[PDB]
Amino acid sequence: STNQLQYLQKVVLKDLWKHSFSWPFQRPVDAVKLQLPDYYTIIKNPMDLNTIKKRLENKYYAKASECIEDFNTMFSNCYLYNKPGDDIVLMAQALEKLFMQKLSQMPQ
């Protein structure tokens, strides 16, 4: 559905980006820059808001469910790599909460 894909692009992604905690998720985790020796090894499918945004712009997704899967991968990647109480985890959870709320207002 291009309608749901449009909502994910114009509402969900925009609103997550506006959130004050979005900045660490705004581009791929650059494991060389951040000195994370194991990240590319154990996180099999890195994902971020900018990749999702480019894919929606390029009409890469066929259904909204594939775009939603990328959002969930971005969040679970962060939980899987990090530890409870980490600040990055606290930011991801606030973003996931917002994501979960805006999905509840998805049309169709």
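We number the residues from 1 along the sequence you see. Between two forms, the rigid core is defined as the largest C-alpha subset superposing within 1.5 Å.
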Between 38-46 and 52-60, larger RMS Cα displacement in 9 other deposited structures of this protein after core fit: 38-46
RMS Cα shift after core superposition in 9 other deposited structures of this protein, winner of 22-30 and 66-74: 22-30
Residue stretch of maximal mean CA temperature factor, 7-15 vs 84-92: 7-15
60-68 versus 30-38 - greater average Cα B-factor per the deposited record: 60-68
